[PDB]
């Protein structure tokens, strides 16, 4: 079925970089933007950024420019998000879900939305814990 | 770094006052005025140049205006 | 606030390189180049003006250079 | 060979902007205070209320 | 009244100098390069050491 | 970067109640809002796309409305499997903002 499956939880040191995978199943991999969304335990959701699995272009929030990098793998149908310059604030759970009308690249704002804007695919999530 | 697009090239003519219009409609003239105050000999030099072109006694004044407005700005 | 004294008016010619000489010896030419790229019709307008002055067929080119270097800079 | 910071050019861009029109912000709305508009005008349905 | 600070003119004057000679200054002591000097040499106190 | 206030912070009700949630954006997001419920640490349950529409597979006890900037989510009948944390999400201008959350508790 249509499903995104992530890697396991990771424990990293402050100042290092973590890499979280996001593999697709059940749909054409180059047809849905993969959005990455963090969630601290004592806080709600927060959108990290967006990659297109076609062409590998990125965009992200103002709180993380320069700290986040998103790569793709069209062969294995996988999305890699590498978060660098880790701190104790980055201990969170990371999510990755679609959102369609993902024809060419970037974002696609004013055209259509909804129908798993990015609701469906999320799977198990990835706990990332930054400590010593 | 020389921010060469003066926006007076593409000024908007709407019914409000513009961004610097009040200080804009004198600035090139007083720049030429300060330049000819600081370099008075180029007036005599440009007269000797412009007298050699045109041979019409009314094109001479046109070449004077041309040279004496080239020399402050496009110089 | 228009800081009109360009110091190229009073440049010093000493054996060292100056303050901005390397970026200075192209700037007026590429300013005129960008202006005639953005306003191509004034070339035909200035040709029709300058063809009416001089009646000499070599003063025409001089008036062309004069007008087309007035129009970007002191304009 | 040394490098040179050429410095804040903010006032030079202000002097380069001699010809633009001002505007303001309300949150995200760019409020323009200039500009015009052509408009046909239907005075069909007007009563005087006091005949 | 639009009361504008009109900002900061560093890049304005840095563009305005294009014929300047950069010096450096330390305790005031303004040291300067790009000078020339017309010192006339006097010989005849010179002598080859051990001809 | 539109700030999306979600009212209230947390609620509690018994089984079979009607409950409403408010989300107010600081700017005009006209119909670009959607709604999540998230069970803690789990794959969530789907509520609302486009601020007024249900998805196939969702039970019809959930509904959403809202026209200008104020948006009302509505559960007609509360059930014991509807305890979750409720979120609302902007669509416009793309610093995509979520609400703070709305927790429920079974009485």
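Restrict the check to region F:52-64 and report whether at least one residue is more than 9 Å from chain A (Cβ to nearest Cβ) and either in contact (Cβ under 8 Å) with a residue 40 or more places away in the chain or in contact with a helix residue (DSSP H, G or I) (Cβ under 9 Å, 6 or more places away or on another chain) (or both). Looking for residues that are more than 9 Å from chain A (Cβ to nearest Cβ) and either in contact (Cβ under 8 Å) with a residue 40 or more places away in the chain or in contact with a helix residue (DSSP H, G or I) (Cβ under 9 Å, 6 or more places away or on another chain) (or both), one finds none in region F:52-64, hence no.
Residues are listed down the side, and each one gets a yes or a no for (1) more than 30 Å from residue E:23 (Cα to Cα); (2) surrounded by 10 or more Cβ atoms within 10 Å (Cβ to Cβ); (3) at the interface with another protein chain (Cβ under 7 Å from one of its Cβ atoms):
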{"residue": "D:5", "(1), (2), (3)": "no, no, no"}
{"residue": "D:10", "(1), (2), (3)": "no, yes, yes"}
{"residue": "D:17", "(1), (2), (3)": "yes, yes, yes"}
{"residue": "D:26", "(1), (2), (3)": "yes, no, no"}
{"residue": "D:49", "(1), (2), (3)": "yes, no, no"}
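When E:32, E:41 are checked against the criterion of being out of contact with any helix residue (DSSP H, G or I) (no Cβ under 6 Å at 6 or more places or on another chain) and either more than 30 Å from residue D:8 (Cα to Cα) or surrounded by 14 or more Cβ atoms within 10 Å (Cβ to Cβ) (or both), a single residue qualifies: E:41. Just one residue in the set A:83, A:45 is within 14 Å of another protein chain (Cβ to nearest Cβ), under 30 Å from residue F:100 (Cβ atoms) and surrounded by 15 or more Cβ atoms within 10 Å (Cβ to Cβ); that residue is A:45.
Against the numbered list (1) closer than 23 Å to residue F:99 by Cβ; (2) without any contact (Cβ under 8 Å) to a residue 24 or more places away in the chain; (3) more than 10 Å from chain F (Cβ to nearest Cβ), residue A:109 comes up short only at (3).
Can you tell me which residue within region F:82-107, out of those that are at the interface with chain A (Cβ under 7 Å from one of its Cβ atoms) and in a strand (DSSP E or B), is surrounded by the most Cβ atoms within 10 Å (Cβ to Cβ)? The extreme case among them is F:87.
Return yes or no: is residue A:123 farther than 22 Å from residue F:50 by Cα and either in a loop (DSSP other than H, G, I, E, B) or in contact with a helix residue (DSSP H, G or I) (Cβ under 6 Å, 6 or more places away or on another chain) (or both)? So residue A:123 passes the test. Taken over region C:47-58, the residue count meeting the criterion of being in contact with a helix residue (DSSP H, G or I) (Cβ under 9 Å, 6 or more places away or on another chain) and away from every other protein chain (no Cβ under 12 Å) is 2.
When you go through E:35, E:30 one by one, which is the residue that is away from every other protein chain (no Cβ under 11 Å), more than 22 Å from residue D:17 (Cβ to Cβ), within 14 Å of the chain's Cα centre (by Cα) and without any contact (Cβ under 8 Å) to a residue 40 or more places away in the chain? Just a single option satisfies the conditions, and that option is E:30. The residues in region A:1-37 that are under 13 Å from the mean Cα position of the chain (by Cα) and over 21 Å from residue A:113 (Cβ atoms) can be counted, and the count is 8. Just to be sure, is residue F:74 under 16 Å from residue F:18 (Cβ atoms) and in contact with a strand residue (DSSP E or B) (Cβ under 8 Å, 6 or more places away or on another chain)? Against the criterion (under 16 Å from residue F:18 (Cβ atoms) and in contact with a strand residue (DSSP E or B) (Cβ under 8 Å, 6 or more places away or on another chain)), residue F:74 qualifies. For region E:17-24, the condition of being outside any loop (DSSP other than H, G, I, E, B), within 30 Å of residue B:22 (Cα to Cα) and either in contact (Cβ under 8 Å) with a residue 40 or more places away in the chain or touching a helix residue (DSSP H, G or I) at 6+ places or on another chain (Cβ under 9 Å) (or both) holds for none of the residues. Looking across region B:59-70, the residues that are more than 12 Å from residue C:28 (Cβ to Cβ) and facing chain C (nearest Cβ under 10 Å) come down to B:59, B:62, B:63, B:65, B:66, B:67, B:68, B:69. Within region F:16-36, the set of residues being within 15 Å of the chain's Cα centre (by Cα), under 22 Å from residue F:105 (Cβ atoms) and in a loop (DSSP other than H, G, I, E, B) comprises F:18 only.
Any read-out appearing in this document is the output of simple, stated calculations on the displayed coordinates, not a laboratory observation. Neighbour counts are summed over all protein chains in view; Cβ atoms, including those assigned to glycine, are modelled from backbone coordinates with ideal geometry.
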